[PDB]
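Taking it in order: structure first as structure tokens, then the write-up.
Because the Cβ atoms are built from the backbone with ideal geometry, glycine has one as well, and the counts that use them run over all protein chains shown. Each value in this text was obtained by applying a stated rule to the coordinates, not by laboratory testing.
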Amino acid sequence: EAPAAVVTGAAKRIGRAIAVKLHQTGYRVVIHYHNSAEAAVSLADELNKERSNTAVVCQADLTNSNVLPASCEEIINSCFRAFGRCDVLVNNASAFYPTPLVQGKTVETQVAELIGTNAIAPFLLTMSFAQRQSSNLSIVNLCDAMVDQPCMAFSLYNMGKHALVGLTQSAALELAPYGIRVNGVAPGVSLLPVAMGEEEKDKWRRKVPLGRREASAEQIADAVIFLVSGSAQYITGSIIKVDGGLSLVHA
Amino acid sequence: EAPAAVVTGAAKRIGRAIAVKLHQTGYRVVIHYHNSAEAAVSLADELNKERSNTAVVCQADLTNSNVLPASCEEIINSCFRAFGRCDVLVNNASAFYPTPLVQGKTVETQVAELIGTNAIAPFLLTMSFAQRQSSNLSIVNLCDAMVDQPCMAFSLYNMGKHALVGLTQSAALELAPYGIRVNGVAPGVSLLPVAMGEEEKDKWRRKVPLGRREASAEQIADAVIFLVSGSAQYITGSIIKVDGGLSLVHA
Amino acid sequence: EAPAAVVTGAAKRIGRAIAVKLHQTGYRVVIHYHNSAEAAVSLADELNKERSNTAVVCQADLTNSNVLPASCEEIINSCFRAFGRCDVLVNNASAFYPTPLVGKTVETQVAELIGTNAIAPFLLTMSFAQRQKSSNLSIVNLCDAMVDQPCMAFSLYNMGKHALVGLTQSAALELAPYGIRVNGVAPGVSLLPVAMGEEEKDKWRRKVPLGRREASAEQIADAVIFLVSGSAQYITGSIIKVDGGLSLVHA
Amino acid sequence: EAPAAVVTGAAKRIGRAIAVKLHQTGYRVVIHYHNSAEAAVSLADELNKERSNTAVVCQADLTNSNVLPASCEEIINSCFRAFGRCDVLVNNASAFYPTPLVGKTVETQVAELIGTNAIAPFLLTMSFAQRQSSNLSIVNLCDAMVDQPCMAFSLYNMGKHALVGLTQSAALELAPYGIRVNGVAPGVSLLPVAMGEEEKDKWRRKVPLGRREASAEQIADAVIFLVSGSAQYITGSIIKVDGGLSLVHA
Ligand SMILES: NC(=O)c1ccc[n+]([C@@H]2O[C@H](COP(=O)([O-])OP(=O)(O)OC[C@H]3O[C@@H](n4cnc5c(N)ncnc54)[C@H](OP(=O)(O)O)[C@@H]3O)[C@@H](O)[C@H]2O)c1
Ligand SMILES: NC(=O)c1ccc[n+]([C@@H]2O[C@H](COP(=O)([O-])OP(=O)(O)OC[C@H]3O[C@@H](n4cnc5c(N)ncnc54)[C@H](OP(=O)(O)O)[C@@H]3O)[C@@H](O)[C@H]2O)c1
Ligand SMILES: NC(=O)c1ccc[n+]([C@@H]2O[C@H](COP(=O)([O-])OP(=O)(O)OC[C@H]3O[C@@H](n4cnc5c(N)ncnc54)[C@H](OP(=O)(O)O)[C@@H]3O)[C@@H](O)[C@H]2O)c1
Ligand SMILES: NC(=O)c1ccc[n+]([C@@H]2O[C@H](COP(=O)([O-])OP(=O)(O)OC[C@H]3O[C@@H](n4cnc5c(N)ncnc54)[C@H](OP(=O)(O)O)[C@@H]3O)[C@@H](O)[C@H]2O)c1
Ligand SMILES: Nc1nc(N)c2c(-c3ccc(F)cc3)cnc-2[nH]1
Ligand SMILES: Nc1nc(N)c2c(-c3ccc(F)cc3)cnc-2[nH]1
Ligand SMILES: Nc1nc(N)c2c(-c3ccc(F)cc3)cnc-2[nH]1
Ligand SMILES: Nc1nc(N)c2c(-c3ccc(F)cc3)cnc-2[nH]1
């Protein structure tokens, strides 16, 4: 049968691009989403029109809480319930906003969302994925090429993405005896936030040596597809920057 | 007016050495503890014998929870109460134990303790330290030289220490305009766990190129003292390995 | 028109596998060799049997000397003379042997180890770029996953490979305006030396988390093919580890 | 008896401040220089006026060539000749200029930039180790911007990367002899002699910590730490002294 993949935060933007590319490659997909129900259902509809019974949606909040482990177990279970297997996990869902150190949400809510989505949920999903297991099993974590030259006032987000690098390495080591590879893809500037005005987008665009433009969602998805493929069967613990040289540019 | 320092987890082992060496350098010190009340007090007694009213203690659990931000505010407050200023924060307190990915603390308790002590508490203490502020202000975070070659089955602990590296860099960037430096000290093998088998201890000792032995607590403290000193006033965002070459040794 | 690639040290082992996969993908190839003339010719004849006039050989010593710049220019010029174009350069040729700190003179060792692993790649990169100034131009440098946990007594080899990482980053930045991408592939343990006893090969194989085996030459080649492909069009300055997790394993 | 240190490129700027600071700490010093003879001799005069017989100069070209090993052996030998011992080596001398990929030959640029920044440190390390209570160590002056390099400085960057590799390899291999090997990595410190207020202030405003360059003395302070008894478990470590520069995105 066809293999099956879970993509977190897959309703739009880079997560959609990944789910679409996995689907085009032959995977059945679980489209996880949090708030973007209409978009997630519209995506599953398109994929199922292309090949019937190959896409399902799965709603979950990935904020840290005492029930997050159950939520993550349920996401993996949703892939087994729909498709009878789960070959690939892509940890894409991410909260992203500033948390200034010196002066809406309480700080503990900010911790829970920013560390939950970027690090704890990937950890719990990785535990569940491994516990439920020819084969080409792997996990791909969406990291950040700018983790060591971070945006000002984004400490909790940056902490979250560092922890995710840690996870990628720890889980690669620990899951290797089970034949589960664990890798990352690290965008620099890809799709800019929808709220950002064009002038500010262009400022970011002009920082990128390779073409003075952001990565397309497809360009990010391409590196994901490589890492899940048979062409990466000896690669584990590796994080591939997809940044057009941005991380190499000094202040 | 002598400067004042907060050292978390300062009752025993490396935290104690750091507190002692800061005191010997002329600092007044807050000795934070969780369970080691008798030891913390015994340390403060020894230090106040040398110099009267230059050491106090402060109890707090640094597990993440709804009350952690208040507990961290009060640690910083205890330094301002006792001494009228707070020049140095040392984030040393740390939970450490395995959290295997594949199979009586629940996983979310493990998250709260390992991520709370190694990363969230340092973030919250950093916030409180900064908000409450010629001077030589700095923060020193106790990291881990082996973050990129982690111990097997220590994912959460490793995620915690990676997040602490992220905080070190983010806070160095953001707090530099206030003259607050933020740095790290990364031990390799220092004081081995009290519980560990003596023959296990020697296996780790034999791995160290420089001397085939662990670092003393004083050797770790030595790097801390350098970082807080006037001879490090241009250093921020730096993490100093104190590992006798261990991290350079291949498998 | 079919694109063309230069592969240095392509007669045997990993370089051979790279040349073969590039050819299978549709490239015309220049097979550079130093001493392995019979193997190089055997490869060219095998490839030209598949498609006539698609493989040539080129001989050169890549040891550093007064004539190295000329030799590197000529290698690049051979691709243009043979094929009318040069789209891809793979810097694969490498001297490798110990140089302890405590019959070749030391300056010969410097010339060979730094020449092949670093200087020749730099001069080849200059010549490649000078001859340029639809298309997908890129350079791929064969690096080493173990560069930060080096083999004992291999200082000059390790220096060479570090210089090569530096060149990969510097050239990525500088050549990005010309649309030339520059990346690396970093093996850990791949094909072990031919004369090495199996019992010694096994000590290395047993260190690899993912399968307790070395990478095949084709597995290394797969990563090269990705980097040169249309699926890596935003990737520059990136070094892909292909190491089965070896570099994450502590001593 | 006083320990002794070799400092390469010690006539001016950062190397000079390192030599002065080691001397203040109690070391006898060899002041290596290439072209700065007057500044070198002037410095040794100053130092020897403070404590007699505690500074010598030693001239050498550290460009790579078939005689570089001899020149490097001679630098180390000069320390033993003057002082009967060699406790510390500081690899500070460095050529620095652009080598774009697209009136010196390219092989001269390779020789100078890779020689001074990497090969000479390697040969000096070999000679130092072969000639060997004690606290023996080597400190290499690296570069905090090695992973965000200046445009068109490929050979220089290659040199400094190779110097990181040397720092790690030599730390590993020399640990069984008790020789520690470490680095200090400036970001922006004393700006080039040829550079205007606009361009100097351009670099200054990039630095988070004070919007200024490091003083030479601030770089020397980290060197002093690493050679000290307070760093006896530290080997293979590189200390950035950059005021946060390397943390700032494009
Ligand atoms: N875009 C870039 O330039 C860039 C740069 C560096 C790294 N990255 C990384 O690449 C990945 C994709 O980036 P992106 O810009 O496409 O992401 P994004 O649009 O910011 O977020 C992707 C999805 O994350 C999900 N999410 C957010 N909070 C959540 C929560 N509490 N629970 C569950 N899901 C939640 C949302 O799902 P709903 O919409 O369903 O609510 C959202 O669509 C992320 O991991 C990101 O950090 C992106
Ligand atoms: N020892 C090593 O070889 C080594 C190696 C690498 C890194 N490090 C790092 O260096 C630092 C010191 O190491 P160490 O071995 O001295 O540490 P440790 O003995 O494991 O722990 C230090 C203190 O942390 C405090 N702590 C633990 N859980 C806590 C909680 N939930 N709330 C508040 N405080 C808590 C404890 O205080 P109470 O006793 O008062 O409960 C404990 O005494 C740590 O950050 C560690 O990760 C050490
Ligand atoms: N095999 C591994 O496990 C491993 C591990 C880490 C990194 N790598 C890297 O991957 C690449 C390929 O590895 P490999 O094991 O296949 O390499 P290799 O067999 O050791 O060397 C490849 C070729 O390098 C050429 N070469 C050597 N000295 C030369 C000189 N002075 N001038 C010109 N060419 C010279 C030789 O060509 P002739 O035979 O024609 O003389 C040789 O066949 C190298 O860059 C290597 O450092 C390999
Ligand atoms: N200044 C900074 O901002 C900065 C930033 C990053 C890294 N660094 C590193 O810190 C160290 C000192 O920096 P600096 O700016 O003080 O250095 P510098 O003034 O550029 O150079 C120091 C000395 O190196 C010597 N030198 C140059 N070419 C030589 C050769 N062929 N043979 C022998 N010696 C040679 C020169 O000696 P003579 O004058 O006697 O000819 C020169 O005085 C260097 O390793 C540098 O790369 C500095
Ligand atoms: N979840 C998530 N969404 C994002 N838009 C980002 C970005 C990003 C990167 C560049 C930019 F100008 C704005 C945001 C960086 N990291 C992100 N993570
Ligand atoms: N908080 C804390 N306590 C510790 N004992 C450690 C160690 C450590 C390091 C080496 C070893 F053999 C056992 C434990 C590593 N990291 C630690 N963190
Ligand atoms: N040019 C070149 N050839 C090689 N055989 C190597 C190796 C390698 C890696 C493992 C081993 F046991 C022996 C050599 C590591 N790096 C290399 N480079
Ligand atoms: N030998 C040597 N000399 C230097 N002046 C440098 C610098 C440097 C750093 C900043 C700047 F604006 C100009 C030069 C960076 N690296 C150097 N190396």
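The one condition from (1) under 30 Å from C:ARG131 (Cβ atoms); (2) in contact with a strand residue (DSSP E or B) (Cβ under 9 Å, 6 or more places away or on another chain); (3) facing chain A (nearest Cβ under 8 Å) that C:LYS241 does not meet is (1). Within the set of pairs 6+ apart or on separate chains, which have a first residue in the stretch C:2-27 that is of a type in the set (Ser, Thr, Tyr), a second that is within 16 Å of ligand 6 (Cβ to nearest atom), and C-beta atoms under 9 Å apart? Listed pairs, sorted by first residue: none to list. Would you confirm whether any residue within the stretch A:15-32 is farther than 19 Å from A:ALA221 by Cα and of a type in the set (A, V, I, L, M)? No, the stretch A:15-32 contains no residue that is farther than 19 Å from A:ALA221 by Cα and of a type in the set (A, V, I, L, M). Screening B:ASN64 against (1) crowded, with 21+ Cβ neighbours inside 10 Å; (2) assigned to a helix (DSSP H, G or I); (3) within 11 Å of chain A (Cβ to nearest Cβ); (4) of a type outside the set (A, V, I, L, M, F, W, C) leaves a single unmet condition, (2). Residue pairs whose Cβ atoms lie under 6 Å apart, sitting 6 or more positions apart in sequence or on different chains, and linking a residue in the stretch A:138-161 that is under 11 Å from B:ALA163 (Cα atoms) to a partner that is part of a loop (DSSP other than H, G, I, E, B) and among the charged types (D, E, K, R), are A:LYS161/A:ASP144. Which one is nearest to the other protein chains (Cβ to nearest Cβ), of the residues in the stretch D:1-52 that are within 16 Å of ligand 8 (Cβ to nearest atom) and hydroxyl-bearing (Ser, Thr, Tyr)? Filtering the stretch D:1-52 for residues that are within 16 Å of ligand 8 (Cβ to nearest atom) and hydroxyl-bearing (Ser, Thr, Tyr), the one nearest to the other protein chains (Cβ to nearest Cβ) comes out as D:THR8.
Of the candidates C:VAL185, C:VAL208, C:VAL140, the single residue that is within 12 Å of ligand 3 (Cβ to nearest atom) and out of contact with any strand residue (DSSP E or B) (no Cβ under 9 Å at 6 or more places or on another chain) is C:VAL208. Evaluate the following for C:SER247: is it assigned to a helix (DSSP H, G or I), buried (at least 21 other Cβ atoms within 10 Å of the Cβ), within 16 Å of ligand 4 (Cβ to nearest atom) and within 14 Å of chain D (Cβ to nearest Cβ)? When the stated conditions are applied, C:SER247 does not pass them.
Every residue, every condition in (1) closer than 22 Å to A:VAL90 by Cα; (2) part of a helix (DSSP H, G or I); (3) more than 7 Å from chain B (Cβ to nearest Cβ), yes or no:
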{"residue": "A:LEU114", "(1), (2), (3)": "yes, yes, yes"}
{"residue": "A:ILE120", "(1), (2), (3)": "yes, yes, no"}
{"residue": "A:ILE139", "(1), (2), (3)": "yes, no, yes"}
{"residue": "A:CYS151", "(1), (2), (3)": "no, no, yes"}
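Can you pull out the residues in the stretch A:189-232 that are at the interface with chain C (Cβ under 10 Å from one of its Cβ atoms) and part of a helix (DSSP H, G or I)? Listed by number, the residues that qualify are A:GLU218, A:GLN219, A:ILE220, A:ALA221, A:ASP222, A:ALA223, A:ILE225, A:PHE226, A:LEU227, A:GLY230, A:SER231, A:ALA232. Only one of the listed residues (C:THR25, C:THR8) is of a type in the set (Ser, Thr, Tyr) and either surrounded by 24 or more Cβ atoms within 10 Å (Cβ to Cβ) or within 16 Å of ligand 1 (Cβ to nearest atom) (or both). That residue is C:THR8. The set of residues in the stretch A:153-188 that are more than 7 Å from chain B (Cβ to nearest Cβ) and touching a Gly at 6+ places or on another chain (Cβ under 6 Å) comprises A:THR168, A:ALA172, A:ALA176. For the stretch D:86-102, the criterion of being in a loop (DSSP other than H, G, I, E, B), within 11 Å of another protein chain (Cβ to nearest Cβ) and under 19 Å from C:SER155 (Cβ atoms) is satisfied by no residue at all. Taking each residue of the stretch C:43-60 that is part of a helix (DSSP H, G or I) and looking for partners that are among the polar types (S, T, N, Q) with beta-carbon atoms closer than 8 Å, six or more apart or interchain, yields C:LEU47/C:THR54; C:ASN48/C:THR54.
Within the stretch A:134-149, one or more residues are acidic (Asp, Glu), within 26 Å of B:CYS151 (Cα to Cα) and within 17 Å of the chain's Cα centre (by Cα).
Of all residues in the stretch B:180-222, those satisfying the criterion of being over 18 Å from the mean Cα position of the chain (by Cα), of a type in the set (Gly, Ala, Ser) and surrounded by fewer than 16 Cβ atoms within 10 Å (Cβ to Cβ) are B:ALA195, B:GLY197. Going through (1) crowded, with 19+ Cβ neighbours inside 10 Å; (2) within 26 Å of D:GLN132 (Cα to Cα) one by one, D:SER52 falls short only on (1).
The condition of being buried (at least 24 other Cβ atoms within 10 Å of the Cβ), among the charged types (D, E, K, R) and either touching a helix residue (DSSP H, G or I) at 6+ places or on another chain (Cβ under 7 Å) or within 26 Å of B:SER170 (Cβ to Cβ) (or both) does not hold for A:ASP148. Which number in (1) touching a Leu at 6+ places or on another chain (Cβ under 6 Å); (2) more than 14 Å from chain C (Cβ to nearest Cβ); (3) over 22 Å from D:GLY183 (Cβ atoms) marks the one condition that D:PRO69 misses? The failed condition is (2). Residue check: D:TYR177 meets all listed conditions (1) aromatic (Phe, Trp, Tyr); (2) surrounded by fewer than 19 Cβ atoms within 10 Å (Cβ to Cβ); (3) in contact with an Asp or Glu (Cβ under 9 Å, 6 or more places away or on another chain) but one, namely (3).
When the stretch A:84-111 is limited to residues that are away from ligand 1 (no atom under 11 Å from the Cβ) and within 14 Å of A:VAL140 (Cβ to Cβ), the one that is surrounded by the most Cβ atoms within 10 Å (Cβ to Cβ) turns out to be A:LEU89.
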